[PDB]
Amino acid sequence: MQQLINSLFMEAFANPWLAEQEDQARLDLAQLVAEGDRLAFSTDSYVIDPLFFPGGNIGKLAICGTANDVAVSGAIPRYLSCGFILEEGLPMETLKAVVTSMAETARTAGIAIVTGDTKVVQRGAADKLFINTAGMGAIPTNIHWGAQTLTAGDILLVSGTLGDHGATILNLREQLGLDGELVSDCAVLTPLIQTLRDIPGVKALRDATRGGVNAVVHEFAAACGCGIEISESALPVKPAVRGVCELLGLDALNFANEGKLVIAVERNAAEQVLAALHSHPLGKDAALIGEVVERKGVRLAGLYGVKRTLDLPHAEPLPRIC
């Protein structure tokens, strides 16, 4: 019932902003402005099927994805909101596991869930559980990361292996026989991103969820009016993900990630940035993958250095991967 669900929310997420709260949380603005001059603000909804998977669950994901959307601006995520849409009859055991994981993930990341909402719909009106989170943090005045700034000669990096999350979910949903080898990379990336905070050569940073790295590179190119060239052989792809690629013929560049950055840097900063990423556990597999060029468009270099236009796909590999 509604009262048990509300009690679960309040107990699990309990903090000084949520307690004694009325219709809204009330956040100290002086504290935020002391951290930075801009407030980063993002929202995402989470409709992943299944709810639980190797490496995470919808609840952990709902904190990670939104914390990362904030964190890639250079801001430390501090406050999140949470809206649950529940299907009547969802086992309490399942809801409790999701909420427990959300609360733990937020607690570990130093994030407070300061406000929320729960709606219950009848059986069949929603598939089990959907979550929306919105988040905020203050962007330090000296950090100016954006793709509009990119110019010919800039280097493109990824913080780790590509397509782990997408491949994990595809394997589960389509029963591809790789259970035990694939794991989601779902993680809060703030500690990794903060290694880059004082490095002058860092120019743009984005996480690569829906649409994977392919979407990001196309977004980067559209923003700066320059082209981007990616080396296919330079792409770090785990053996189990390669296995999914082989079976389905689908691109690891198109697979959603839930713990990876695409980073654009000044040419002379590339080795310094790689070293910073390699020093942190979340950046251990970071690699150079490409370059910003004068010639517009996105190209992938295959065999014998042949550069071919890299198209965006028409749809995601499968519905509800995130």
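The first residue of the shown sequence is 1; numbering continues from there.
Mean CA B-factor, 147 to 155 versus 209 to 217: the higher value falls on 147 to 155. Of the two segments examined, 10 to 18 and 300 to 308, it is 10 to 18 that shows the higher average Cα temperature factor in the deposited entry. In the PDB entry, the Cα temperature factor peaks, among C64, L277, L39, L253, at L277. Set against one another, the Cα B-factors of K260, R267, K60, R26 in the record reach their highest point at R267. For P236, the recorded CA temperature factor ranks within the lowest third of the chain's modelled residues.
Annotation for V293: CA B-factor lies in the highest third of the chain's modelled residues. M136: CA B factor lies in the lowest third for its chain, per the PDB record. The entry lists a Cα temperature factor for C224 that places it in the highest third of the chain's modelled residues. Split the chain's modelled residues into thirds by C-alpha temperature factor. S73 is in the lowest one.
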